[PDB]
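Enquirer: Have a look at the structure that comes next, please.
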Amino acid sequence: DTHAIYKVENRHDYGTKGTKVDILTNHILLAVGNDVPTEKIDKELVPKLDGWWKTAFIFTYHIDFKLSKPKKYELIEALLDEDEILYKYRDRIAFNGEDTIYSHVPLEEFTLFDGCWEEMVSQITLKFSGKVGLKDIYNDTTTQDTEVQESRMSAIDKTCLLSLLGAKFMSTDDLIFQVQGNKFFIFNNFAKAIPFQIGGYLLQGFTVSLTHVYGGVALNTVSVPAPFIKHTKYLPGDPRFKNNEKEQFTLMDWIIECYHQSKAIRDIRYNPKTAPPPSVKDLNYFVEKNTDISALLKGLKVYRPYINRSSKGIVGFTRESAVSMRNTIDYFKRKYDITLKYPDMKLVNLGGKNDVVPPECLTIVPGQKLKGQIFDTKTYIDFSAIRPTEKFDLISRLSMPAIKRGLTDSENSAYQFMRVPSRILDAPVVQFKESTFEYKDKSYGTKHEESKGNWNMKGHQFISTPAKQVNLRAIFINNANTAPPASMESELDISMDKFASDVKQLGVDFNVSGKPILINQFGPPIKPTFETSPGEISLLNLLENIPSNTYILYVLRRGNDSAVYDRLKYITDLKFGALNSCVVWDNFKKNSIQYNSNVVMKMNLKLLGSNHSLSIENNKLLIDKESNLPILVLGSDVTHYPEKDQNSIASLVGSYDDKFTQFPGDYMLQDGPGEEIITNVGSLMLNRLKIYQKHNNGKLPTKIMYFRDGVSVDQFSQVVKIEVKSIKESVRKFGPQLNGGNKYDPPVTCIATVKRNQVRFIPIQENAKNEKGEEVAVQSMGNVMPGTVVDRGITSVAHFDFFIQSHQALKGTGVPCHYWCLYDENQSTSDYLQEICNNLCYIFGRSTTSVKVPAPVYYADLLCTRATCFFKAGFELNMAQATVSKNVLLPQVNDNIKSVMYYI
RNA sequence: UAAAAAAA
């Protein structure tokens with residue numbers, strides 16, 4: 001007859017439970033929807049902002065080019081900047097930045113594009129693609145149709161308005177950088193910037209996007225960090241900058257810096273403040289054979305200040321000096337009146353024909369991205385780890401000027417952060433073996449708040465631990481070009497013994513009385529033809545002659561060896577299916593009982609144990625009452641591009657008991673690059689069921705929750721229409737062949753989590769009354785108290801969505817997870833869903849904390865991450881040994897561990 | 001690769 005209809009779920013209620021407090025969010029209300037009756041919101045609370053963005057018709061033009069966005073984008077501003085006629089309209093014309101161009105005015109009124117439908121203008125083709133009324137943005141803001149609201153969220157008018165706001169932001173007399181189309185960095189004396197790695201600084205910018213809320217339209221702003229190449233003597237803030245922002249800083253001045261910096265971090269106690277300045281013989285070898293700066297110069301765009309907005313980039317470094325060039329110093333001394341201070345320095349060339357100039361007089365064009373991998377992660381991370389009070393100021397102080405400039409017509413109580421209501425849910429009860437941890441609310445006075453969703457294992461034991469003493473065997477992977485100190489054998493024997501003794505107190509009996517085994521030269525296959533290295537050769541031997549009941553503890557000499565870790569896991573997990581944990585020597589050797597205690601936590605899980613769970617009452621609400629059979633909780637993630645241009649990897653994990661303590665799973669190569677919809681996710685449902693029925697006397701789950709991670713909004717329709725349908729259709733098929741031939745169609749709810757978003761919260765109060773009148777803390781570490789639930793004011797018009805911030809934000813300003821129930825066959829109220837979401841954040845079994853997203857999702861991410869090591873590990877080989885089959889790129893794991901959390 | 005958290 002007719003196919004069935006997988007429609008995205010409409011919101012049906014709001015939650016009620018929890019301690020109430022208002023909080024602020026980084027949103028501004030632009031407008032109240034047109035379909036909201038004037039007799040609804042006070043005339044004073046409606047934002048006094050009108051303008052073009054409310055009531056305008058925008059010309060749009062499709063536009064082809066002749067490829068890198070760098071060139072196109074650069075191409076457009078060039079026209080917009082090198083023509084005194086168009087320049088006047090440069091706050092009214094915007095790039096998409098590949099397909100279209102938006103303009104407040106028509107482009108056919110320009111004596112420029114005559115024959116596009118002066119020389120550079122020939123790489124563009126214009127085609128008027130209609131007009132866009134911007135005022136329809138403010139239309140269906142009450143409409144309770146999840147399909148309409150979808151088409152509204154990812155709409156042309158929304159993209160137009162956003163992109164035209166960018167135009168306004170960009171038209172200021174201040175120096176301003178556009179990065180990836182929507183991130184703007186302003187480089188004035190008030191900017192937040194620190195020197196970064198080599199020849200670079202970090203800079204705090206901002207970005208805006210607009211989100212539809214119920215009746216109607218909000219603007220969201222958040223700060224963004226980016227690295228750039230240093231183009232100034234001094235960085236903003238420094239008082240030597242306020243005086244001369246334009247104090248001479250040539251290309252040479254930059255290379256010296258990079259020299260000092262490079263050696264000061266590749267050698268220690270180098271100290272540039274003492275170290276003798278390079279006498280130019282060093283400094284020529286450097287700038288040619290040293291990738292720490294060659295890669296940066298390769299392409300670096302420079303200025304020629306001695307010719308009196310055209311930056312020639314570079315090609316490389318010549319061989320001839322500034323003196324041995326016939327003369328150059330004579331040219332510049334006579335014909336430009338300048339004395340070359342480093343005339344022995346090799347010169348650079350800026351392409352043909354013969355346009356060659358010395359670095360000593362060649363300034364660097366601002367705003368250039370600092371290409372490379374971040375290696376100084378600590379600096380990068382600390383730069384952005386700002387607490388909410390400090391971070392909301394920053395957002396306000398970078399955004400508001402630009403936004404005010406944007407929202408006024410091309411010739412202040414409204415610009416303030418939305419205040420929304422929140423509710424703080426109680427933490428569940430954490431269960432250990434014979435003990436509990438329930439946070440009891442208390443006043444903000446002492447630092448008591450900091451313990452909600454943040455305990456430790458002290459005076460506690462794991463719930464379930466291996467029955468038998470098990471054999472723990474050290475293998476010292478010696479991933480270094482030098483043999484380890486003599487005092488390491490003794491140091492490790494010490495460490496192993498203490499480790500075995502500490503974890504006994506948690507309930508884990510290890511027999512550590514083996515003898516540690518050293519493996520030098522371990523590493524990935526190497527050269528087309530590769531042959532296995534030692535001591536992979538050594539290790540392999542070791543692994544196929546491994547005793548029973550043996551847990552491998554890999555002690556890495558140097559941490560951070562991506563290539564080594566991937567292999568150790570590839571060989572031990574995938575090939576051999578042997579239980580193993582890695583540990584980094586310089587940590588392990590400190591012998592912290594806290595370090596050791598966080599390590600067994602993983603090991604225990606791997607040995608099928610259980611560390612902490614929820615209380616007996618808490619678990620009751622993930623149990624179907626109708627069958628006294630727990631719910632099958634699934635998590636799935638998708639990671640993209642494991643290498644170069646390769647197929648994405650999907651994973652699915654699932655619970656199997658009523659304790660929700662263990663989540664094995666399976667992973668799978670997608671059949672395309674950057675494919676986010678797991679089109680055949682149902683095939684992975686087969687093991688979820690088989691191990692479920694194993695731990696439930698042969699019965700199949702009667703309810704199913706599917707937590708789907710990492711989808712954007714445009715994909716919600718397909719998650720429901722393709723993935724949920726696939727799950728449903730699959731269990732309907734696998735069901736019968738598992739329960740004795742009977743009909744199987746359990747109801748599934750599906751909740752997508754988006755844990756990376758642009759929504760932030762700042763607390764307003766230190767305390768708030770609970771329902772008994774007792775004043776009680778509602779913030780911890782200067783962030784909103786975990787878990788503040790927010791489902792009003794900034795949530796969608798029609799979808800069943802809510803924010804919950806489940807974790808203590810130990811650093812910076814925490815990021816709440818945005819949950820959307822996309823599909824629901826078991827009539828779940830918001831109070832129900834919000835509680836199990838928050839609750840599931842307390843049974844992440846490798847940390848003593850509540851985490852920022854339900855355990856199933858974190859587990860699914862970790863599994864995707866591990867599948868990526870397997871992929872990456874055996875890949876160079878699979879490019880040689882060869883398009884390639886799925887199970888040779890990403891093989892299945894050994895059957896031994898198909899039902900363990902080897903990814904933990 | 002002890003761990004949660006903050007940045008991409």
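Following the order of the structure tokens, first chain is A, next is B, and so on, with residues numbered from 1 inside each chain and ligands from 1 in the order they appear.
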Neighbours of region 3-7 of chain B within 10 Å (only C-alpha atoms (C1' of nucleotides); same-chain residues fewer than 6 positions away dropped), as number ranges by chain?
Expert: A: 224-226, 377-387, 454, 594-595, 597-599, 601, 807-815, 844, 846-852
Enquirer: For the structure I just gave you, how does DSSP split region 536-762 of chain A - specifically, which residues are strand (DSSP E)? Reply as a ChimeraX atom specification.
Expert: /A:550-556,580-584,613-614,623-624,629-630,632-639,647-654,665-673,704-709,748-754,761-762
Enquirer: From the DSSP assignment of the backbone, select every residue of region 533-635 of chain A that is helix (DSSP H, G or I), and format the answer as number ranges by chain.
Expert: A: 536-544, 562-575, 585-588, 593-606, 619-622
Enquirer: Could you tell me how far CA of residue 753 (chain A) sits from CA of residue 420 (chain A), in Å to one decimal place?
Expert: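 Pair CA of residue 420 (chain A) / CA of residue 753 (chain A) returns 20.9 Å.
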Enquirer: Here is a test: counting only C-alpha atoms (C1' of nucleotides), which residue of A:47, A:787, A:181, A:559 is nearest to chain B?
Expert: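 Using only C-alpha atoms (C1' of nucleotides), the shortest distance to chain B belongs to A:559.
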Enquirer: I'd like the neighbourhood of region 283-295 of chain A as a ChimeraX atom specification, where a residue qualifies if any of its atoms comes within 8 Å (using only C-alpha atoms (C1' of nucleotides)), though same-chain residues fewer than 5 positions away should be ignored.
Expert: /A:198,255,258-259,262,278,317,345-346
Enquirer: Using C-alpha atoms, can you write the selected residues to a file as an mmCIF file, in the first residue's frame?
Expert:
data_model
loop_
_atom_site.group_PDB
_atom_site.id
_atom_site.type_symbol
_atom_site.label_atom_id
_atom_site.label_comp_id
_atom_site.auth_asym_id
_atom_site.auth_seq_id
_atom_site.Cartn_x
_atom_site.Cartn_y
_atom_site.Cartn_z
ATOM 1 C CA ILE A 198 57.450 30.354 15.656
ATOM 2 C CA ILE A 255 63.441 35.833 10.716
ATOM 3 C CA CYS A 258 61.926 32.858 14.373
ATOM 4 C CA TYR A 259 65.587 31.913 14.788
ATOM 5 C CA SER A 262 63.141 28.061 17.215
ATOM 6 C CA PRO A 278 73.213 35.112 14.406
ATOM 7 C CA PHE A 317 65.573 32.006 -1.348
ATOM 8 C CA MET A 345 72.276 37.929 3.758
ATOM 9 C CA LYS A 346 70.907 35.857 0.895
#
Enquirer: Return the single residue from A:521, A:359, A:373, A:892 that is closest to residue 8 (chain B), with distances computed using only C-alpha atoms (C1' of nucleotides).
Expert: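 Residue with the minimum atom-to-atom distance to residue 8 (chain B): A:373.
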Enquirer: Using only C-alpha atoms (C1' of nucleotides), which residues sit within 12 Å of residue 323 (chain A) once same-chain residues fewer than 4 positions away are excluded, as a VMD selection string?
Expert: chain A and resid 319 327 to 333 339 to 347 357 to 358
Enquirer: Rounded to one decimal place, report the CA of residue 528 (chain A)-CA of residue 560 (chain A) distance in Å.
Expert: 27.8 Å
Enquirer: Name the residues in contact with residue 296 (chain A) at a cut-off of 8 Å, using only C-alpha atoms (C1' of nucleotides), excluding same-chain residues fewer than 4 positions from it; report them as a short mmCIF file (atom, residue, chain, number, x, y, z; two decimals) with N, CA and C atoms, in the first residue's frame.
Expert:
data_model
loop_
_atom_site.label_atom_id
_atom_site.label_comp_id
_atom_site.auth_asym_id
_atom_site.auth_seq_id
_atom_site.Cartn_x
_atom_site.Cartn_y
_atom_site.Cartn_z
N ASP A 292 61.15 24.75 10.07
CA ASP A 292 60.49 25.57 11.08
C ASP A 292 60.23 27.00 10.58
N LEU A 300 54.53 33.14 1.77
CA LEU A 300 54.34 34.33 2.60
C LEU A 300 54.23 35.60 1.76
N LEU A 370 48.55 31.20 10.24
CA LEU A 370 49.80 30.55 10.59
C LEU A 370 49.61 29.09 10.28
N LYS A 371 49.97 28.73 9.05
CA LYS A 371 49.82 27.36 8.59
C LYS A 371 50.73 26.41 9.36
#
Enquirer: Using Å and a single decimal, report how far CA of residue 903 (chain A) sits from CA of residue 863 (chain A).
Expert: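 Those two atoms sit 5.4 Å apart.
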Enquirer: So, with only C-alpha atoms as the atoms that count, which of A:477, A:890, A:605, A:794 lies closest to residue 759 (chain A)?
Expert: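 Of all the options, A:794 lies closest to residue 759 (chain A).
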Enquirer: Which one is closest to chain B: A:459, A:388, A:216, A:272? Count only C-alpha atoms (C1' of nucleotides).
Expert: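 Selected residue with least distance to chain B: A:388.
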